[PDB]
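A.B. asks: Once you've seen the sequence and the experimental structure below, I've got questions.
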Amino acid sequence: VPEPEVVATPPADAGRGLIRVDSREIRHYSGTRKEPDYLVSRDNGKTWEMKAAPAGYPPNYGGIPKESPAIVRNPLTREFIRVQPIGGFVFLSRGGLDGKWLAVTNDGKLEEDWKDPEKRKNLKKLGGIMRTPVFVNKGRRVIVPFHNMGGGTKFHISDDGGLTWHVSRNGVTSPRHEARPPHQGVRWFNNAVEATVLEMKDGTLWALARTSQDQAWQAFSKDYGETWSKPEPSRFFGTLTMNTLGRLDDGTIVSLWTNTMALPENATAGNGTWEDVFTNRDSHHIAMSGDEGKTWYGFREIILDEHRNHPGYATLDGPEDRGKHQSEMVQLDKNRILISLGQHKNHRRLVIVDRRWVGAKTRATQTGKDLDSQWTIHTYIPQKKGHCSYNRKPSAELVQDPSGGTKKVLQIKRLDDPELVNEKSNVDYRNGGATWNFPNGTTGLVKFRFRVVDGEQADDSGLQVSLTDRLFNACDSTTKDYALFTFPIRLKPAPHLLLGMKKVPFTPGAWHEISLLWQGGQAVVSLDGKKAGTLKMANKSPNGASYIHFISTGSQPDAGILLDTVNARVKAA
Ligand SMILES: [Ca+2]
Ligand SMILES: [Cl-]
Ligand SMILES: [Cl-]
């Protein structure tokens, strides 16, 4: 099955400006303050180059340098509407992207002569931070989500193709984060911001919005956006990152988001007006639904941030926000989807994904071969750097397999590294760990191979093994508290699995395999092919399991354990 393929770096952060021109030509516009330009492919997304926009295309009067305006085709007129992420004007095309453009005036007319600064004074200016215009109701209405950081999302609405505008009665809101353990402070408050909107088959609109909770929140409209239901949590985990919904030609719904859990807030987190540090933006994910959202499949990692382990992460090539959050998509053919994702020139990417890979039911890995592409292992140096960033270290390293041969395997232990401690913030990220994604399942079988390192161990040394429904940081010792299933491998007094109350011993200094076969609210655990015990589900999930997470448990420096292979198979549902 075809794995995700990086094809280019877009000329702006992802989320706005990716637009199909015709069956073979696709563009990604930019936030340049100079003469406008775009990145273009003429082979349906495979190869790309920069090009200057023609003289009729208006500069970015509003916007910001790192974000393109959103550009959307009106399905009735086949012309385009352009709005910025913030500020500026509403432009409508006549003759397509490379035709004439006109700006919408405050009195519902079109201004052809927007190069005259005096004539720009009476142009319509839509307020707030805006996301993507979406045409709804057989193309007869266009709505543009907009927000205020603490005030919530509402919708700019036009019933005449962008000439005149009104505002929805209400929109989407979400509650402040409450500092309770394991947090030591409050998360940055965003009030249901950055909404993505999809029209459902029954005519309802579904809005999915970014929040300070553990998941995105959602509301629904029965009148094409004028009024919205009470907001509620969605099934899509994630915090303070962006959601994007779309629909393929055959009606399949696509959900793109960053499916992560941030580290718990520290003791210097601030009052929640602004962020202190980002610990959850190093991945992007996809799920799809063929039945109007009743059931979902996939929840697969599109990509991990290539810089995620590095001790210069926060400041390489300028301090601007970086990562793999934010996205926008264009279907390429029956099977393939082009996705722009991420932020910062060193991190943002255009990636082709295949729906047959989204719908796959198996995955396998070997740490020595697959660490750089598939494994999240980073710990953080807890000193804020750049803009709301931490520098990182790999929390685990590859070593020679003690059995001999050429295999390299991953050593997971409690680290002797004082640079991973901040006593004022009260965090200690010295427990190394590792986590790996697989296609989502409410029933499945995962197997992994591990070995105890021959060396000094602490009294609490071992490995906490968890199945989770989003990506928890490798160094997050609270993962078990949120997990679907979890158990410890304990090394003292002698090595054993603890499965409820049952201890199951095994030999140190030898490779062993453990299997977890989960279904509903319980999992069966096997060791070296023999049933060992059972586990009761610790937390329910709206979706199922899509990660296995391993974290060392020693509280003093130890030798730990080695991890070799993992494989997963899930049931179709
Ligand atoms: Ca925070
Ligand atoms: Cl840029
Ligand atoms: Cl503009």
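C.D. replies: Looks like it arrived, so ask away. Numbers count the residues shown, from 1 in each chain. Ligands and ions are numbered 1, 2, ... in the order given.

A.B. asks: got the contact list for the residue in the chain that ligand 3 sits nearest to?
C.D. replies: Nearest to ligand 3 in the chain, going by CB to the ion, is residue 88, at a distance of 2.8 Å. C-beta: built from backbone N, CA, C; applies to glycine. Taking CB atoms under 8 Å, 6 or more residues apart in numbering as the criterion, residue 88 is in contact with 60-63, 69, 125.

A.B. asks: In TSV: these, plus neighbour count, distance to ligand 1 and secondary structure.
C.D. replies: Converted to TSV, the contacts of residue 88 look like this (neighbours: other CB atoms under 10 Å; distance: CB to the ion, whole Å; DSSP: H, G, I helix; E, B strand; the rest coil):
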residue	neighbour count	distance to ligand 1	secondary structure
60	22	31	coil
61	18	34	coil
62	17	29	coil
63	24	27	coil
69	26	30	coil
125	14	32	coil
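
A.B. asks: Which residues does the longest helix anywhere in the chain contact?
C.D. replies: Once the chain is assigned using DSSP state H, the helix that runs over the most residues is helix 367-374. With contacts defined as CB under 8 Å, 6+ apart, helix 367-374 is touched by 301, 304, 306, 365, 375, 377, 398, 401, 407-410, 434, 436-437, 563-565.

A.B. asks: for stretch 491-502, same thing?
C.D. replies: 452, 457-462, 487-490, 503-508, 514, 525, 527, 532-536, 558, 561.

A.B. asks: List the buried residues of stretch 558-565.
C.D. replies: Across stretch 558-565, burial judged by 16 or more other CB atoms under 10 Å covers 558-565.

A.B. asks: Likewise for stretch 341-358?
C.D. replies: Under the neighbour-count criterion of 16+ other CB under 10 Å, stretch 341-358 has 341-355, 357-358 buried.

A.B. asks: Might you specify the subset of those located within strands?
C.D. replies: When DSSP state E defines the strands, the subset of those inside them is 341-343, 349-354.

A.B. asks: Kindly reformat the residues you listed as JSON lines containing distance to ligand 1.
C.D. replies: Below are these laid out as JSON lines (distance: CB to the ion, whole Å):
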{"residue": "341", "distance to ligand 1": "22"}
{"residue": "342", "distance to ligand 1": "20"}
{"residue": "343", "distance to ligand 1": "17"}
{"residue": "349", "distance to ligand 1": "25"}
{"residue": "350", "distance to ligand 1": "30"}
{"residue": "351", "distance to ligand 1": "28"}
{"residue": "352", "distance to ligand 1": "33"}
{"residue": "353", "distance to ligand 1": "30"}
{"residue": "354", "distance to ligand 1": "35"}
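
A.B. asks: And the residues you listed, which two are furthest apart?
C.D. replies: 343 and 354 (24.5 Å; CB to CB).

A.B. asks: Do me a favour and get the end-to-end distance for stretch 206-214?
C.D. replies: Distance between the two ends of stretch 206-214: 19 Å, counting by CA to CA, to the nearest Å.

A.B. asks: What are the buried residues along that stretch?
C.D. replies: Applying 16+ other CB under 10 Å to stretch 206-214 flags 206-213 as buried.

A.B. asks: and ligand 3, which of the contacts of residue 88 contact it?
C.D. replies: When contact is defined as CB under 5 Å from the ion, these meet ligand 3 at 61-62.

A.B. asks: do you know how far residue 437 is from ligand 1?
C.D. replies: Here the distance between residue 437 and ligand 1 works out to 24 Å (CB to the ion, to the nearest Å).

A.B. asks: what about the spatially most central residue of the chain, distance to ligand 1?
C.D. replies: Centroid check for the chain by CA atoms, centre = their mean gives residue 258 as the closest residue, at 1.2 Å. Separation of residue 258 from ligand 1 (CB to the ion): 15 Å.
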